[PDB]
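A single chain, nothing else alongside it, follows as structure tokens in the form deposited in one PDB entry.
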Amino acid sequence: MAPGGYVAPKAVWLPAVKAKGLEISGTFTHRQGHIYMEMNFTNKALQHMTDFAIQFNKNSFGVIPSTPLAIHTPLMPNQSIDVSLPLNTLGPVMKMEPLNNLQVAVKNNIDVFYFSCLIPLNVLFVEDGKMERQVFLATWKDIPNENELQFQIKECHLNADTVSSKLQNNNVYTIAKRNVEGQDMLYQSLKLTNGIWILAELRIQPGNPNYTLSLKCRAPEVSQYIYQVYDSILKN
């Protein structure tokens, strides 16, 4: 566990085979307020690479780079560079499918290449995500039960204290806890970069290698993606 929270390992986003020798692998981070696309560019061609630039298609959460890609030295054959690209969420918005899809165009001196990758939604959980208890109860009551979606986190053996701590490290806050007949119930909140609040109730059972995650959100389409995030945080 690290400050900033869970970072997935880099995955190959653009194979050298699809980009005339250019290989790009990447991941996303959220560190001290700022979001980054952390990439490694590798030149697997026999000629050097220059004139690098990046653009993102419009996307669900308005993600966009905050600065141009600035690689001021030519990327030599077989050379590899780490690139940290700061991002913000004030860019143009277009609904993606899947919801967290990000389409990226990368140009060098050779051509323009395209790829997509999936933004893990945890990088879009804001620090300001701790709901007031009074507001949680009222909001949970009001939100129609049509919006409630349930998930199972399976093969998890952490206690309620450690679950709470790991989730808090990722801006998911536990604002209340209730213990009824061997079962821990954690009431939790988080908030995304676009203002959407998600309310969670997490239930922990003994003899049960799996927890029940119940999510309520006025935009319920995000819920399944929030689940995948919880699972990753608690399995890692």
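Don't overthink the numbering: it's just position in the shown sequence, from 1.
We do not show the form solved in complex with a partner chain, though everything after this point is about it.
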Quiz item: Applying a 4.5 Å heavy atom distance criterion, does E201 contact the partner chain in the entry with it bound?
Solution: yes
Practice problem: Could you confirm whether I35 comes within 4.5 Å of the partner chain in the entry with it bound, counting heavy atoms only? | Solution: no
Self-check item: Close approach of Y187 to the partner chain in the entry with it bound, 4.5 Å, heavy atom
Solution: yes
Quiz prompt | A70: touches the partner chain in the entry with it bound, heavy atom cutoff 4.5 angstroms | solution = no
Quiz prompt | Site check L46, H48 and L75: each within 4.5 Å of the partner chain in the entry with it bound by heavy atom | solution = no
Practice problem: Check each of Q183, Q168, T193, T29 and return the one that places a heavy atom within 4.5 angstroms of the partner chain in the entry with it bound. | Solution: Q183
